[PDB]
Structures are given as C-alpha cells and as structure tokens.
C-alpha cells in the first residue's frame, strides 16, 4: 500500500478535534440550559436555536469521535449499532439544522412585515420542530438501512488471526440508487432550502430599509391617527398625507374612506398609516426620478442618504429641494462634511432647526445616529445579521465534506489513500466546526448571552 501518515498530523488533529468537542458539546449545552431555564428569553427564534444546538450535540457525540478513530484504522471497533447510526445521525443533524434555519428565516420575515401585532404562541414552533424531526428521520432513513458492517472487506486489511476484523461501509442497492438518493438529497435538502433562506433574509433587508424611512418621518412630520388641519389649512392624516384642499370635514373624510377603502370615520390604525405613507414614498421617489435636478443626486446616494432627501421632499416639495443647487452638487460629489456646512446656511435650517439639524446629520454621517430615538430598528438589524451569519457559517462548514462525499460517490471505483484520509479529516473537521459556530455567534455577537454566560460561570464558584 506504500502508506505512512505522520504522528505530527495525528496529534495536531486529536488536539483540534478535542478542542471542537470541549467548545462544541459545552457551548451547545450552555446555549440550551440558558434559554430553557431563562423563561421569556425562550421565544420562537430561541426555541429553534435550542433545537439546532441539540442536533449539533448528537453529531458531536454519535459521529465526531467514531469517524476520526475509524479513519486512523483499517477496521471498525464500535459495532454494527454505531456503524449504521454514523451516516444516519449525521444526515438527520444536517437536515434538522437546515429546516430549523429555514423556520427561523420565516419567523424573522413575519416579524419585519408585522412587528406590532405579531405575538406568536410557541405551540406553532413545537409543531414545527416535531415536523422537522419526522421529515429528517424519514429522508435520512436509507443511510441507516444501507450502511453495513461486514467482516468481508473489499480490499486487503492487516492480518490479525485472534480477532475477526469488521469494516463499516455503505452498501446501497446499486451506484445509481446511491447517487440518485445523494444528488436529490444535496440538491433538494441542502442547496434548495439554503437558497430560500438567503431569499428571505434579502426580503427582510429590503422591507427593513422602507420601515427605517417610516421611523424617520414619524419623529419629524409626526404620526397622527385622526384627521387634523395642517399649517396650510387643508385636512391631513398620518405622516403628512393630504386628503383634499376642500374646507368641508365631511368632503375630506370621504377621501380617507376612499384611500383606505374602509369606513374610517376620521380614525385610522398604526398599520393603516404605514400603508399610505409607503404609497407616498413611492409617489415621491417616482417624482424625484422624473426631476432632472434631483435624479443624479438621488442615484448617487445610499439607502440612508436617499431617506434624508425623501424627508426633504415630504417637507418642502420637489421645487423646494431642487433649490439646494450647491448643496445637492456637494452631496452628489460625496462631500458629506462640506454639504453639512452649506445645508445649515439655508432659510430652511433657520425656520425649522430641530428637523434640519437631524436631516443634515443624516446627510453627513450616513447613519440613523441623528434619530437616536429609533433604537428598536438598530436591535433587530443586529439580530438578523447574526442569524444570517449562522446560516452562512453552517453552509460553509459542511461545504468541503459535501464536495468530498459527492466527488467520491461519482468516483466510487477510486481506492482510499493516505492523502485521501488526510483530506477527509481536514473536510470532516471543518464540517464538525459547525457544532461550535452556533454558541460562538450566539454568544460573542449576542449582547444578552455574553453577560449572562459570565454571570453563570463565575456564579458557579
């Protein structure tokens, strides 16, 4: 066989695997214990995170050490029971994690669409996790059924006359049966769901940008649920939405019952106000793009700075903002500090300083730091970025082993060498690291958990 694996690699790997056990097993068990006993911190997202780290506890116990030890041997010393479970319990774990991450993305998407009235009773999450586990066990079953432990190796193993040497290998009906199962598993259970997860998180980001523009105008133009007479003298409702220039209150009430399409009687809801504000934002955007002066300036700006421009259109109008000739020129040319000086030298700034000072600070920094009251928008931005990073870390971790496994499923004829076993252990370890990314991203990036894990570890002493 001309084979020779060095002990300089073996011990370094044993240290690396042992580190991923003590960081994984403890971290995933700490994440569970904290969320479980800490009631009210056990929300739909957190319940699915406990389910996610429970599967990562199984692959760390049932699969991780047995695969490493078997690789360094020409025979399976753990029995038929541990042999058949190895690909099954690993597959179930990848699948449960995939669907639990899918469910988290759907829950986060429902929260960004409707945060006000979304009060979910955890029973739908318990229903989800049960369906996920039944779906995972079912789809993974052929690995358990077709994994074999026979003392009849395909290849020459080292002689041992006193004991019968057994080998743990996959023995599917045929190569087409194995390859067909494996390719739709990889496509429909790995790539497929992941694509959908990223689709949701993109849709979350897009709807969050439009709701950030809502919070900006709420603080400035003001959110009113009753038909009120504005500075001009005409009837308005919500965030500066004009009904009619008609002086009759009943004539103005008729426009609201037409805009909403419901018998309002002068009173509308918080959600009803956001729906019309978003329509005005689109109407303003359409106008800004129709405006030759304001179109190159809007196109130049980022999401935050475009909102500062929209806030200005909502206040002065299109002909109003167009009058800021030299200031818009500077904003177009990305001179944020120079433009902040010029926008303060206006008749707009002197008249409405409180609003202007905020709009100017947003045009200079390019962030919602001017509107510090909006800290609720800043928190869910951090949570969704962390949750997306968990998905990417999961996808990247398993990707080298997923490639190694398919490459050798199509090239099943190829004999396992010392170079293959080293490459496999480097892929297996990277995949095993996914067990650690769940508590490290939910600990060192989550503010609630980092202080809580320290007030539990030091409390034990």
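Residue numbers count along the first chain shown, from 1.
Two stretches are in play, 129 to 137 and 332 to 340, and the higher mean C-alpha B-factor belongs to 332 to 340. The stretch with the higher mean CA B factor, choosing between 247 to 255 and 148 to 156, is 247 to 255.
Highest CA B-factor among the listed residues (309, 239, 179, 106): 239.
The residue among 423, 57, 69, 415 whose C-alpha carries the highest B-factor in the deposited model is 415. Annotation for residue 320: C-alpha temperature factor in the middle third relative to the rest of the modelled chain, per the entry.
Looking at the C-alpha B-factors along this chain, the one for residue 116 belongs to the highest third. Placement of the Cα temperature factor of residue 35 within the chain: highest third of the modelled residues, per the deposited record. In the PDB entry, residue 28 places in the middle third of its chain by CA B-factor. In the PDB entry, a CA B factor belonging to the lowest third of its chain's modelled residues is recorded for residue 81.
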